[PDB]
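Undergrad: After the structure tokens below, expect a handful of questions from me.
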Amino acid sequence: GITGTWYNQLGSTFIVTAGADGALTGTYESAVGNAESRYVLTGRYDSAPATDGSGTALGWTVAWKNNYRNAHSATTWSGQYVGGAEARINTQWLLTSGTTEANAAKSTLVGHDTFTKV
Amino acid sequence: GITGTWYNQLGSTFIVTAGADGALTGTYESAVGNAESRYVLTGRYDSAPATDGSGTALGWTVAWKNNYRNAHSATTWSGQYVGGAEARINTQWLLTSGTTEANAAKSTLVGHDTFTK
Amino acid sequence: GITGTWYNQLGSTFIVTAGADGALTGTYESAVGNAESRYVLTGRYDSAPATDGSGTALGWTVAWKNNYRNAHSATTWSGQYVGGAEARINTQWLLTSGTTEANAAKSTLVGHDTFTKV
Amino acid sequence: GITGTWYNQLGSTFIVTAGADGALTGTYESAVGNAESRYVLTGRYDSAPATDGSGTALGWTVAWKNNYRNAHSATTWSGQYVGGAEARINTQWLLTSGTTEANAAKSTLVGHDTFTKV
Ligand SMILES: O=C(O)CCCC[C@@H]1SC[C@@H]2NC(=O)N[C@@H]21
Ligand SMILES: O=C(O)CCCC[C@@H]1SC[C@@H]2NC(=O)N[C@@H]21
Ligand SMILES: O=C(O)CCCC[C@@H]1SC[C@@H]2NC(=O)N[C@@H]21
Ligand SMILES: O=C(O)CCCC[C@@H]1SC[C@@H]2NC(=O)N[C@@H]21
């Protein structure tokens, strides 16, 4: 139920395919930041989750470079797929920008995105 | 520069090749935690970073399931590679465990790993 | 706008006094975790924030030790206060537990809390 | 043995006093970012840690306003004190800036500092 098109609270578009091998592949489109259009993503998920009602641990990465722009940054999302009536993917993320030594202390942003199919 | 074998402060081994497309592929072996053997990784990196000496942004994911165990979790490392006499990859990571919504507050660990050759 | 009673989404209760000082004092009641009753908090805030509409930066700390219990852990919330009809305090937090240096790779949890007047 | 003068890898200066009741007070001086001289800090620590060799959980806040400047930001450090030969405090920190609703996705930085007495 992870496969498909999801949207986060910012309006970004997350188009994913969950592979039988635990592979996550698709595209990301950010509604904010130093980005336009679609970027390649790749990630992994637990292809055999618990059955105690636990959610499904997953992760994916986007390097913010494509044919039109390069922000010299990468975001990783970590969280879990929670299926059911209201399916949702709950994440926290790290966005690291390429910096010089002077700026490394402030290289990494952290946040949380919530994805739904609606 | 990135392709190769890397070790972090915990004794884990990160084996990756950086494709020219900006794909990261490889294998991760953790020294600690609910793990044993190798796990598949995949990620992405800035295959055209700035010329000013900034580092190279990158990220990768490991779900902790292989033929041996399944921790029912995934880690994502977000960082940058820095070349030099001492090449380094400095990261921050998020380790999320599957949980019921009751314990979702405690699902996600945060940490930092430094990789070196 | 900061002083008073606030609630997050776990149902925890945050009772603060914002000192002229830049001081934050109060008590925290957490709904979830190895917790019981009220705990002392202390923190700091920008007592001269931007006029330009930006939020009011703040942070606080709770060590989870009181008369009833001691979880040997500490949470810090970092965030910002946002005035308006729906006042909110939007935070990210770090929960560190005391561990041996074996398990220290799993000592710190991260998450986010949104506090509302209701 | 938390009271005293500590330095992190950036060469910032962390002067702290741990009171009986679990209080933390002191002064923080950053070697980096939008800061100059000392800023008041405040926090909490577990005043009755385990004895199994586990470290002492602690956390503190700095709002980055003093008589010289104001960055409209606040940093929290969450971590633990670890005694012995190499007495150190290992932390993770969250640095939130006051932003408008629009740029809140980039309000929060994350990092880690290691404090030593040398
Ligand atoms: O600004 C950049 O460096 C690239 C764009 C980053 C957009 C971020 S990734 C985390 C968050 N979630 C989104 O949908 N967009 C932002
Ligand atoms: O215990 C688990 O749930 C799976 C193993 C996680 C090990 C972590 S991932 C971050 C850190 N870096 C490492 O090399 N190992 C730990
Ligand atoms: O160690 C424990 O379990 C006690 C910590 C309290 C639970 C956490 S603190 C962050 C989050 N926000 C809350 O209101 N509760 C949890
Ligand atoms: O907003 C600002 O730039 C002032 C924040 C101070 C810089 C930070 S706090 C985390 C890190 N550790 C330090 O000793 N300094 C930086």
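Identifiers in the structure tokens: chain A, B, ... in order shown; residue index from 1 per chain; ligand index from 1 in order shown.
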Write out as a PDB file with N, CA, C and O atoms, in the first residue's frame which residues come within 8 Å of stretch 88-101 of chain C when counting only C-alpha atoms, dropping same-chain ones fewer than 6 positions away.

TA:
```
ATOM      1  N   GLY A 111      13.238  18.207  10.028  1.00  0.00           N
ATOM      2  CA  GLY A 111      11.817  18.447   9.988  1.00  0.00           C
ATOM      3  C   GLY A 111      11.011  17.162   9.954  1.00  0.00           C
ATOM      4  O   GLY A 111      11.527  16.068  10.148  1.00  0.00           O
TER       5      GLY A 111
ATOM      6  N   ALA C  71      13.025   8.639  35.256  1.00  0.00           N
ATOM      7  CA  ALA C  71      13.300   7.826  34.072  1.00  0.00           C
ATOM      8  C   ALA C  71      14.755   7.874  33.623  1.00  0.00           C
ATOM      9  O   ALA C  71      15.121   7.178  32.667  1.00  0.00           O
ATOM     10  N   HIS C  72      15.610   8.640  34.299  1.00  0.00           N
ATOM     11  CA  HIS C  72      16.992   8.791  33.867  1.00  0.00           C
ATOM     12  C   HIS C  72      17.045   9.235  32.406  1.00  0.00           C
ATOM     13  O   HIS C  72      17.730   8.649  31.567  1.00  0.00           O
ATOM     14  N   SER C  73      16.276  10.273  32.116  1.00  0.00           N
ATOM     15  CA  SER C  73      16.249  10.796  30.753  1.00  0.00           C
ATOM     16  C   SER C  73      15.894  12.276  30.831  1.00  0.00           C
ATOM     17  O   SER C  73      15.495  12.721  31.906  1.00  0.00           O
ATOM     18  N   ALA C  74      16.082  12.966  29.717  1.00  0.00           N
ATOM     19  CA  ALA C  74      15.849  14.386  29.576  1.00  0.00           C
ATOM     20  C   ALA C  74      15.393  14.683  28.140  1.00  0.00           C
ATOM     21  O   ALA C  74      15.951  14.126  27.197  1.00  0.00           O
ATOM     22  N   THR C  75      14.382  15.526  28.045  1.00  0.00           N
ATOM     23  CA  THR C  75      13.837  16.009  26.786  1.00  0.00           C
ATOM     24  C   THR C  75      14.128  17.497  26.654  1.00  0.00           C
ATOM     25  O   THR C  75      13.907  18.276  27.578  1.00  0.00           O
ATOM     26  N   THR C  76      14.638  17.907  25.485  1.00  0.00           N
ATOM     27  CA  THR C  76      14.653  19.322  25.175  1.00  0.00           C
ATOM     28  C   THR C  76      13.767  19.571  23.947  1.00  0.00           C
ATOM     29  O   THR C  76      13.820  18.848  22.958  1.00  0.00           O
ATOM     30  N   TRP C  77      12.935  20.589  24.069  1.00  0.00           N
ATOM     31  CA  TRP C  77      12.113  21.032  22.966  1.00  0.00           C
ATOM     32  C   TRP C  77      12.707  22.327  22.417  1.00  0.00           C
ATOM     33  O   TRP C  77      12.952  23.277  23.152  1.00  0.00           O
ATOM     34  N   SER C  78      12.826  22.324  21.095  1.00  0.00           N
ATOM     35  CA  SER C  78      13.294  23.536  20.423  1.00  0.00           C
ATOM     36  C   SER C  78      12.223  23.961  19.428  1.00  0.00           C
ATOM     37  O   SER C  78      11.688  23.151  18.666  1.00  0.00           O
ATOM     38  N   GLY C  79      11.859  25.236  19.465  1.00  0.00           N
ATOM     39  CA  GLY C  79      10.855  25.645  18.508  1.00  0.00           C
ATOM     40  C   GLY C  79      10.589  27.116  18.461  1.00  0.00           C
ATOM     41  O   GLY C  79      11.458  27.955  18.690  1.00  0.00           O
ATOM     42  N   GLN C  80       9.333  27.399  18.106  1.00  0.00           N
ATOM     43  CA  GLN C  80       8.956  28.793  17.991  1.00  0.00           C
ATOM     44  C   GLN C  80       7.469  28.971  18.253  1.00  0.00           C
ATOM     45  O   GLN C  80       6.637  28.130  17.934  1.00  0.00           O
ATOM     46  N   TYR C  81       7.217  30.089  18.919  1.00  0.00           N
ATOM     47  CA  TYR C  81       5.860  30.495  19.235  1.00  0.00           C
ATOM     48  C   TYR C  81       5.365  31.365  18.077  1.00  0.00           C
ATOM     49  O   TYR C  81       6.119  32.190  17.577  1.00  0.00           O
ATOM     50  N   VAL C  82       4.129  31.117  17.719  1.00  0.00           N
ATOM     51  CA  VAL C  82       3.422  31.788  16.641  1.00  0.00           C
ATOM     52  C   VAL C  82       2.074  32.296  17.150  1.00  0.00           C
ATOM     53  O   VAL C  82       1.216  31.458  17.433  1.00  0.00           O
ATOM     54  N   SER C 107      20.683   6.217  22.313  1.00  0.00           N
ATOM     55  CA  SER C 107      20.321   6.944  23.519  1.00  0.00           C
ATOM     56  C   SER C 107      19.308   8.054  23.298  1.00  0.00           C
ATOM     57  O   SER C 107      18.692   8.517  24.263  1.00  0.00           O
ATOM     58  N   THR C 108      19.214   8.539  22.064  1.00  0.00           N
ATOM     59  CA  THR C 108      18.472   9.738  21.762  1.00  0.00           C
ATOM     60  C   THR C 108      17.342   9.529  20.758  1.00  0.00           C
ATOM     61  O   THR C 108      17.505   9.165  19.593  1.00  0.00           O
ATOM     62  N   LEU C 109      16.146   9.886  21.209  1.00  0.00           N
ATOM     63  CA  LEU C 109      14.983   9.931  20.359  1.00  0.00           C
ATOM     64  C   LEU C 109      14.676  11.329  19.850  1.00  0.00           C
ATOM     65  O   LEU C 109      14.932  12.350  20.484  1.00  0.00           O
ATOM     66  N   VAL C 110      14.067  11.349  18.658  1.00  0.00           N
ATOM     67  CA  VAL C 110      13.721  12.656  18.121  1.00  0.00           C
ATOM     68  C   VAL C 110      12.261  12.625  17.685  1.00  0.00           C
ATOM     69  O   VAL C 110      11.789  11.570  17.277  1.00  0.00           O
ATOM     70  N   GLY C 111      11.630  13.779  17.787  1.00  0.00           N
ATOM     71  CA  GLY C 111      10.239  13.904  17.386  1.00  0.00           C
ATOM     72  C   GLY C 111       9.839  15.368  17.319  1.00  0.00           C
ATOM     73  O   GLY C 111      10.692  16.240  17.464  1.00  0.00           O
ATOM     74  N   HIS C 112       8.549  15.590  17.126  1.00  0.00           N
ATOM     75  CA  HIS C 112       7.950  16.903  17.046  1.00  0.00           C
ATOM     76  C   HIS C 112       6.635  16.956  17.818  1.00  0.00           C
ATOM     77  O   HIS C 112       5.868  16.007  17.904  1.00  0.00           O
ATOM     78  N   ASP C 113       6.435  18.109  18.429  1.00  0.00           N
ATOM     79  CA  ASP C 113       5.253  18.424  19.175  1.00  0.00           C
ATOM     80  C   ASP C 113       4.704  19.783  18.758  1.00  0.00           C
ATOM     81  O   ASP C 113       5.521  20.699  18.635  1.00  0.00           O
ATOM     82  N   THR C 114       3.423  19.912  18.547  1.00  0.00           N
ATOM     83  CA  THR C 114       2.634  21.091  18.358  1.00  0.00           C
ATOM     84  C   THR C 114       1.738  21.301  19.591  1.00  0.00           C
ATOM     85  O   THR C 114       0.918  20.433  19.909  1.00  0.00           O
ATOM     86  N   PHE C 115       1.942  22.434  20.241  1.00  0.00           N
ATOM     87  CA  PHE C 115       1.217  22.923  21.389  1.00  0.00           C
ATOM     88  C   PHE C 115       0.176  23.974  21.006  1.00  0.00           C
ATOM     89  O   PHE C 115       0.488  24.940  20.318  1.00  0.00           O
ATOM     90  N   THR C 116      -1.045  23.758  21.466  1.00  0.00           N
ATOM     91  CA  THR C 116      -2.148  24.678  21.270  1.00  0.00           C
ATOM     92  C   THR C 116      -2.784  25.051  22.605  1.00  0.00           C
ATOM     93  O   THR C 116      -2.734  24.269  23.549  1.00  0.00           O
ATOM     94  N   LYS C 117      -3.420  26.208  22.614  1.00  0.00           N
ATOM     95  CA  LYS C 117      -4.187  26.743  23.732  1.00  0.00           C
ATOM     96  C   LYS C 117      -5.355  25.842  24.109  1.00  0.00           C
ATOM     97  O   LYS C 117      -5.956  25.935  25.174  1.00  0.00           O
TER      98      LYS C 117
ATOM     99  N   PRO D  49      21.359   9.690  38.990  1.00  0.00           N
ATOM    100  CA  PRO D  49      21.521   8.762  37.870  1.00  0.00           C
ATOM    101  C   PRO D  49      21.721   7.331  38.363  1.00  0.00           C
ATOM    102  O   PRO D  49      22.155   7.121  39.491  1.00  0.00           O
ATOM    103  N   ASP D  52      25.004   1.740  37.245  1.00  0.00           N
ATOM    104  CA  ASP D  52      25.473   0.671  36.390  1.00  0.00           C
ATOM    105  C   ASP D  52      26.519   1.105  35.370  1.00  0.00           C
ATOM    106  O   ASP D  52      26.932   0.256  34.574  1.00  0.00           O
ATOM    107  N   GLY D  53      26.890   2.375  35.380  1.00  0.00           N
ATOM    108  CA  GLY D  53      27.821   2.963  34.440  1.00  0.00           C
ATOM    109  C   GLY D  53      27.145   3.796  33.359  1.00  0.00           C
ATOM    110  O   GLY D  53      27.838   4.370  32.511  1.00  0.00           O
ATOM    111  N   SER D  54      25.819   3.866  33.406  1.00  0.00           N
ATOM    112  CA  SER D  54      25.000   4.697  32.526  1.00  0.00           C
ATOM    113  C   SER D  54      25.373   6.157  32.696  1.00  0.00           C
ATOM    114  O   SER D  54      25.807   6.604  33.768  1.00  0.00           O
ATOM    115  N   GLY D  55      25.245   6.970  31.650  1.00  0.00           N
ATOM    116  CA  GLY D  55      25.616   8.377  31.864  1.00  0.00           C
ATOM    117  C   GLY D  55      24.443   9.172  32.410  1.00  0.00           C
ATOM    118  O   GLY D  55      23.326   8.679  32.580  1.00  0.00           O
ATOM    119  N   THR D  56      24.733  10.417  32.754  1.00  0.00           N
ATOM    120  CA  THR D  56      23.737  11.316  33.317  1.00  0.00           C
ATOM    121  C   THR D  56      23.041  12.184  32.271  1.00  0.00           C
ATOM    122  O   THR D  56      23.617  13.074  31.635  1.00  0.00           O
ATOM    123  N   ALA D  57      21.751  11.932  32.077  1.00  0.00           N
ATOM    124  CA  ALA D  57      20.961  12.697  31.124  1.00  0.00           C
ATOM    125  C   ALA D  57      20.911  14.169  31.518  1.00  0.00           C
ATOM    126  O   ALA D  57      20.777  14.528  32.686  1.00  0.00           O
ATOM    127  N   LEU D  58      21.017  15.038  30.513  1.00  0.00           N
ATOM    128  CA  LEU D  58      20.933  16.470  30.790  1.00  0.00           C
ATOM    129  C   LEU D  58      20.564  17.229  29.516  1.00  0.00           C
ATOM    130  O   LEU D  58      20.684  16.702  28.406  1.00  0.00           O
ATOM    131  N   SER D  78      20.575  18.315  23.943  1.00  0.00           N
ATOM    132  CA  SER D  78      20.115  17.156  24.707  1.00  0.00           C
ATOM    133  C   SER D  78      21.255  16.150  24.686  1.00  0.00           C
ATOM    134  O   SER D  78      21.775  15.834  23.618  1.00  0.00           O
ATOM    135  N   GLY D  79      21.611  15.625  25.851  1.00  0.00           N
ATOM    136  CA  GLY D  79      22.645  14.593  25.794  1.00  0.00           C
ATOM    137  C   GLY D  79      22.859  13.956  27.149  1.00  0.00           C
ATOM    138  O   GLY D  79      21.987  13.937  28.023  1.00  0.00           O
ATOM    139  N   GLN D  80      24.086  13.459  27.309  1.00  0.00           N
ATOM    140  CA  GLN D  80      24.439  12.882  28.596  1.00  0.00           C
ATOM    141  C   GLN D  80      25.881  13.163  28.992  1.00  0.00           C
ATOM    142  O   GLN D  80      26.809  13.234  28.198  1.00  0.00           O
ATOM    143  N   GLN D  92      23.368  16.133  21.168  1.00  0.00           N
ATOM    144  CA  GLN D  92      22.726  16.519  19.922  1.00  0.00           C
ATOM    145  C   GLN D  92      21.992  17.819  20.214  1.00  0.00           C
ATOM    146  O   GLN D  92      21.626  18.122  21.356  1.00  0.00           O
ATOM    147  N   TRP D  93      21.873  18.653  19.193  1.00  0.00           N
ATOM    148  CA  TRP D  93      21.264  19.951  19.419  1.00  0.00           C
ATOM    149  C   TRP D  93      20.327  20.281  18.251  1.00  0.00           C
ATOM    150  O   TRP D  93      20.494  19.762  17.152  1.00  0.00           O
ATOM    151  N   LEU D  94      19.389  21.127  18.609  1.00  0.00           N
ATOM    152  CA  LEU D  94      18.364  21.693  17.761  1.00  0.00           C
ATOM    153  C   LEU D  94      18.418  23.215  17.868  1.00  0.00           C
ATOM    154  O   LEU D  94      18.269  23.758  18.964  1.00  0.00           O
TER     155      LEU D  94
END
```

Undergrad: Let me have all residues with an atom within 6 Å of ligand 3, counting only C-alpha atoms and all ligand atoms, laid out as a PDB file with N, CA and C atoms, in the first residue's frame.

TA:
```
ATOM      1  N   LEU C  10      -0.315  14.568  22.099  1.00  0.00           N
ATOM      2  CA  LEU C  10      -0.288  13.358  22.894  1.00  0.00           C
ATOM      3  C   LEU C  10      -1.257  13.541  24.065  1.00  0.00           C
ATOM      4  N   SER C  12      -0.268  15.840  26.397  1.00  0.00           N
ATOM      5  CA  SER C  12       0.577  16.261  27.513  1.00  0.00           C
ATOM      6  C   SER C  12       0.250  17.705  27.868  1.00  0.00           C
ATOM      7  N   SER C  30       3.436  14.834  31.135  1.00  0.00           N
ATOM      8  CA  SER C  30       3.408  14.034  29.918  1.00  0.00           C
ATOM      9  C   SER C  30       2.461  12.839  30.042  1.00  0.00           C
ATOM     10  N   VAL C  32       2.329  10.403  27.760  1.00  0.00           N
ATOM     11  CA  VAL C  32       3.035   9.209  27.326  1.00  0.00           C
ATOM     12  C   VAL C  32       4.408   9.084  27.978  1.00  0.00           C
ATOM     13  N   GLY C  33       5.001   7.899  27.906  1.00  0.00           N
ATOM     14  CA  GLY C  33       6.301   7.580  28.437  1.00  0.00           C
ATOM     15  C   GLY C  33       6.372   7.244  29.913  1.00  0.00           C
ATOM     16  N   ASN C  34       7.604   7.029  30.352  1.00  0.00           N
ATOM     17  CA  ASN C  34       7.967   6.670  31.712  1.00  0.00           C
ATOM     18  C   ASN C  34       7.918   7.902  32.616  1.00  0.00           C
ATOM     19  N   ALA C  35       6.683   8.295  32.842  1.00  0.00           N
ATOM     20  CA  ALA C  35       6.282   9.545  33.445  1.00  0.00           C
ATOM     21  C   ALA C  35       4.948   9.426  34.179  1.00  0.00           C
ATOM     22  N   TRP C  64      13.354  13.982  33.520  1.00  0.00           N
ATOM     23  CA  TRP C  64      12.255  13.158  33.992  1.00  0.00           C
ATOM     24  C   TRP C  64      12.495  12.452  35.326  1.00  0.00           C
ATOM     25  N   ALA C  71      13.025   8.639  35.256  1.00  0.00           N
ATOM     26  CA  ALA C  71      13.300   7.826  34.072  1.00  0.00           C
ATOM     27  C   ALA C  71      14.755   7.874  33.623  1.00  0.00           C
ATOM     28  N   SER C  73      16.276  10.273  32.116  1.00  0.00           N
ATOM     29  CA  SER C  73      16.249  10.796  30.753  1.00  0.00           C
ATOM     30  C   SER C  73      15.894  12.276  30.831  1.00  0.00           C
ATOM     31  N   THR C  75      14.382  15.526  28.045  1.00  0.00           N
ATOM     32  CA  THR C  75      13.837  16.009  26.786  1.00  0.00           C
ATOM     33  C   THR C  75      14.128  17.497  26.654  1.00  0.00           C
TER      34      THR C  75
END
```

Undergrad: For each of A:63, A:31, A:20, A:118, take the minimum atom-to-atom distance to chain D, counting only C-alpha atoms, then give the residue where this is smallest.

TA: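 So, comparing all the options, the nearest one is A:31.
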
Undergrad: Counting only C-alpha atoms and all ligand atoms, which residues of chain C sit at most 10 Å from some atom of ligand 2, and what is each one's closest atom pair with its distance in Å to one decimal, listed by chain and rising residue number, as CSV?

TA:
```
residue,atom,partner,partner_atom_place_in_ligand_line,distance
C:103,CA,ligand 2,16 (C),9.8
C:104,CA,ligand 2,16 (C),9.8
C:105,CA,ligand 2,16 (C),6.2
C:106,CA,ligand 2,8 (C),7.9
```

Undergrad: Could you work out which residues of chain B fall inside 10 Å of chain A? Count only C-alpha atoms, and format the result as a ChimeraX atom specification.

TA: /B:21-24,40-50,52-66,70-82,90-104,107-108

Undergrad: Which one is closest to chain C: D:5, D:25, D:37, D:13? Count only C-alpha atoms.

TA: D:25

Undergrad: One decimal, in Å: what's the spacing between atom 2 (C, counted along the ligand's line) of ligand 1 and atom CA of residue B:7?

TA: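 We find that atom 2 (C, counted along the ligand's line) of ligand 1 and atom CA of residue B:7 lie 28.1 Å from each other.
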
Undergrad: Enumerate the residues of chain A with a DSSP assignment of strand (DSSP E), computed from the backbone, and present them as a ChimeraX atom specification.

TA: /A:4-8,13-18,23-29,39-45,56-65,70-82,88-97,108-116

Undergrad: May I ask for the distance between atom CA of residue D:84 and atom CA of residue D:8, given in Å to one decimal place?

TA: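 Atom-to-atom, atom CA of residue D:84 and atom CA of residue D:8 are spaced 17.7 Å apart.
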
Undergrad: Figure out the distance between atom CA of residue C:87 and atom CA of residue C:16, please, to one decimal in Å.

TA: 14.6 Å

Undergrad: Write down as an MDAnalysis selection string the residues of chain A whose backbone DSSP state falls under helix (DSSP H, G or I).

TA: chainID A and resid 101:106

Undergrad: Could you write out the selected residues, including N, CA, C and O atoms, as a PDB file, in the first residue's frame?

TA:
```pdb
ATOM      1  N   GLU A 101      33.702  24.402   5.112  1.00  0.00           N
ATOM      2  CA  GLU A 101      34.167  24.229   6.470  1.00  0.00           C
ATOM      3  C   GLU A 101      33.642  25.342   7.371  1.00  0.00           C
ATOM      4  O   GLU A 101      33.197  25.135   8.495  1.00  0.00           O
ATOM      5  N   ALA A 102      33.643  26.566   6.845  1.00  0.00           N
ATOM      6  CA  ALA A 102      33.144  27.676   7.645  1.00  0.00           C
ATOM      7  C   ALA A 102      31.696  27.453   8.049  1.00  0.00           C
ATOM      8  O   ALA A 102      31.214  27.993   9.037  1.00  0.00           O
ATOM      9  N   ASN A 103      30.971  26.691   7.234  1.00  0.00           N
ATOM     10  CA  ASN A 103      29.531  26.651   7.414  1.00  0.00           C
ATOM     11  C   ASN A 103      28.980  25.306   7.844  1.00  0.00           C
ATOM     12  O   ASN A 103      27.763  25.167   7.971  1.00  0.00           O
ATOM     13  N   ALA A 104      29.855  24.333   8.022  1.00  0.00           N
ATOM     14  CA  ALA A 104      29.405  22.962   8.243  1.00  0.00           C
ATOM     15  C   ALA A 104      28.466  22.821   9.429  1.00  0.00           C
ATOM     16  O   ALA A 104      27.589  21.964   9.450  1.00  0.00           O
ATOM     17  N   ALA A 105      28.631  23.678  10.427  1.00  0.00           N
ATOM     18  CA  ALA A 105      27.819  23.597  11.634  1.00  0.00           C
ATOM     19  C   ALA A 105      26.335  23.739  11.314  1.00  0.00           C
ATOM     20  O   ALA A 105      25.468  23.285  12.054  1.00  0.00           O
ATOM     21  N   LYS A 106      26.077  24.442  10.221  1.00  0.00           N
ATOM     22  CA  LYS A 106      24.735  24.765   9.801  1.00  0.00           C
ATOM     23  C   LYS A 106      24.391  24.092   8.477  1.00  0.00           C
ATOM     24  O   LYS A 106      23.610  24.662   7.724  1.00  0.00           O
TER      25      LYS A 106
END
```

Undergrad: Residues within 6 Å of residue A:15, please, as a PyMOL selection string. Count only C-alpha atoms; anything in the same chain fewer than 6 positions from it doesn't count.

TA: chain A and resi 4-5+26-27

Undergrad: Restricting it to N, CA, C and O atoms, dump the selection as a PDB file, in the first residue's frame.

TA:
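What landed in selection12.pdb:
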```pdb
ATOM      1  N   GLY A   4       2.300   4.167  -4.985  1.00  0.00           N
ATOM      2  CA  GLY A   4       1.338   5.139  -5.448  1.00  0.00           C
ATOM      3  C   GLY A   4       1.772   6.578  -5.262  1.00  0.00           C
ATOM      4  O   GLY A   4       2.960   6.852  -5.089  1.00  0.00           O
ATOM      5  N   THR A   5       0.798   7.479  -5.335  1.00  0.00           N
ATOM      6  CA  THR A   5       1.044   8.912  -5.298  1.00  0.00           C
ATOM      7  C   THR A   5       0.556   9.512  -3.983  1.00  0.00           C
ATOM      8  O   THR A   5      -0.623   9.385  -3.647  1.00  0.00           O
ATOM      9  N   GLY A  26      10.985   6.090  -7.494  1.00  0.00           N
ATOM     10  CA  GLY A  26      10.013   7.068  -7.919  1.00  0.00           C
ATOM     11  C   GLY A  26      10.614   8.451  -8.091  1.00  0.00           C
ATOM     12  O   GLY A  26      11.805   8.634  -8.341  1.00  0.00           O
ATOM     13  N   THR A  27       9.696   9.405  -7.988  1.00  0.00           N
ATOM     14  CA  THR A  27      10.039  10.792  -8.159  1.00  0.00           C
ATOM     15  C   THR A  27       9.461  11.601  -7.001  1.00  0.00           C
ATOM     16  O   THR A  27       8.479  11.180  -6.406  1.00  0.00           O
TER      17      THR A  27
END
```
